[PDB]
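Here you'll find one protein chain in two forms, each presented separately as structure tokens under the names structure 1 and structure 2.
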Structure 1
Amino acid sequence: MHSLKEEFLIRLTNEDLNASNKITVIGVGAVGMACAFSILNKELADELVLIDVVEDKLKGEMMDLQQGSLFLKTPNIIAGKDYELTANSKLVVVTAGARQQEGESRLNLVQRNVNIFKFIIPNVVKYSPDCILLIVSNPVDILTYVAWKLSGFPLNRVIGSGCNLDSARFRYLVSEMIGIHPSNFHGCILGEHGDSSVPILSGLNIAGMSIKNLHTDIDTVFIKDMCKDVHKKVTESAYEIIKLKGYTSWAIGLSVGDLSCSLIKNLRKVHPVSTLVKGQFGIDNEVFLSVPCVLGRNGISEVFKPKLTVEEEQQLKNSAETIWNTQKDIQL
């Protein structure tokens, strides 16, 4: 057919060329495939590239996706081990690495996944020097810092998925108690994507009403008690799902599709994602953790530098100390 379509088609552009929205996902595991599936459902890429080190699972996942192309708007889905396939990617989503066993801290994955990053990131930069890096692998705050150092990239193009998912979980749990859609409850989780994350009690809001304005009995103590209980469920959520299911995949897939949407579509939406926060909250080491960031086609265009409460800043400084305690021990 490649021989005979040459005479019921007139070619007007002898020069086919690159894709304008090429997205690469590294790692075709549970998280990688959920991210790729969410990115495809959002119609964000005209070319999707999958990279891994297990050839047979790579090819099977690729074929499975490819074969649903009737139902999608991504005309090129490709997969392999050779980073040449990723050349000139707009966005590279790194999901590769060790994941938590039951009861295991994300921080206990750091040495295994730094070693993996030492190989992945140089190869990414080689073929896509201008891409945005979106880090998902845990521990995400440390591996975003690591990716930043290994890549030589400016801060705007090295992003960790961070607390976008923790914040979505938090907003789900609170809106569940009220009986409204999570999109109309506003609250954010900042700091470590882990046990030391920080609820921003001062900013809880429903559809343009400060939480304190809903009811006379919703005072500072009520809010501290509520969030004490809700935040415990947030920090525990991943552990319980790992005990029950083995891993998490669907919610982070949706979160990464959310972040990719703002990045690819240049929306300048605000997300709590991992970036360098030296200079904020009394932090003086080169620690990355989640703060609100404006996202668009240049990556992080702006970082918020808010004036939060004394307690919130101190909890964030403590979160940075926890990260640094692990980060100081890695060798690059």
Structure 2
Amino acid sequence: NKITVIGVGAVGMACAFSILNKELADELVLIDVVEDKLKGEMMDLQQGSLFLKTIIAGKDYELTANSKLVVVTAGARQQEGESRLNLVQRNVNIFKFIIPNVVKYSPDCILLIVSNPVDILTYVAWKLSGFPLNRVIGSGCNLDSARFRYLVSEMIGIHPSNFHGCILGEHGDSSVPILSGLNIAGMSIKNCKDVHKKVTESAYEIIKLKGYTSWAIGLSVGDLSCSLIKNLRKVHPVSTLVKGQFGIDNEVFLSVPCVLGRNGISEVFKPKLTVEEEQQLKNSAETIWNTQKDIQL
């Protein structure tokens, strides 16, 4: 029951702190390139071990051998004036170094791709690894939907555990709120598109004010790693291949409700969406693919 977290930056550390505050790890491996930092981060985590429950750090990937779950957070320092594409591609070449050394020592692990753009990069992981579809997952929209549910529940006077809606598509501006599935404790609403804009926007102001997301995406990967490790068979909107749904014909990844357990994705839901909804998801994949098409793997 070993877990590896590649990249000990703000995301990885917040991922790893959330994985530690959850019983989930027997072993925890942290990986990056600045040795002085890897050690300092593992030593800070194990100075407070009495309050946690679990730690390794280093540069060589043999440390990761036989990880049950490998969370990938490593990204690239984004330049200003750089385009979305040159950004993606630098993160594709970084993956051209990571995923080989992950499969190399853990051919059976579950891959969880957190780094961005997560949809495109979960496709790169699938292609570089050759792993089946079940063992390649992306953080996707799990946080998006969670934030969506919370804000709507706050507009109503109810607890978020009793409000149920989700956001599918690209994890980004072209995501899609599925308003036909909104529910309150067994009651369909038909018995709010602004909240959705607040989420994708709020997610943009953060990256602008602070550079990245760390705390929120760390909790969400905690929500996800919990279902996989402990095999809860829980449902999360996460990036898997949807070629063959909503008319799409390319090998596009994006978030659709999946059931997560020991083996990764146990099945992919095939949603029956409204006309409009099915169109927006098709446009969402048109957006992703209009960029995925131009990457050199």
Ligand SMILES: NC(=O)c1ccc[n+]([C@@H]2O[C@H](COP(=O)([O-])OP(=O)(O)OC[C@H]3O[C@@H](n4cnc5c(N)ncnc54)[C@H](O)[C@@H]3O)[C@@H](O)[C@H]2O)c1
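FYI, numbering is relative to structure 1, first residue = 1. Note that the rigid core is defined as the largest set of C-alphas that superpose within 1.5 Å between two forms.
Structure 1 is taken from the form deposited with this ligand bound, while structure 2 is not. When both forms sit on the same rigid core, the CA shifts between structures 1 and 2 reach 2 angstroms or more only at 245 out of 233, 118, 245, 126. After superposition on the rigid core, the Cα atom of residue 186 is displaced by less than 2 Å between structures 1 and 2. The Cα position of residue 202 differs by less than 2 Å between structures 1 and 2 after fitting on the rigid core. Core-superposed comparison between structures 1 and 2: CA of residue 102 displaced by 2 Å or more. Comparing between structures 1 and 2 on a rigid core frame, one finds that residue 282 has its C-alpha moved by 0.3 Å. After superposition on the rigid core, the Cα atom of residue 173 is displaced by 1.0 Å between structures 1 and 2.
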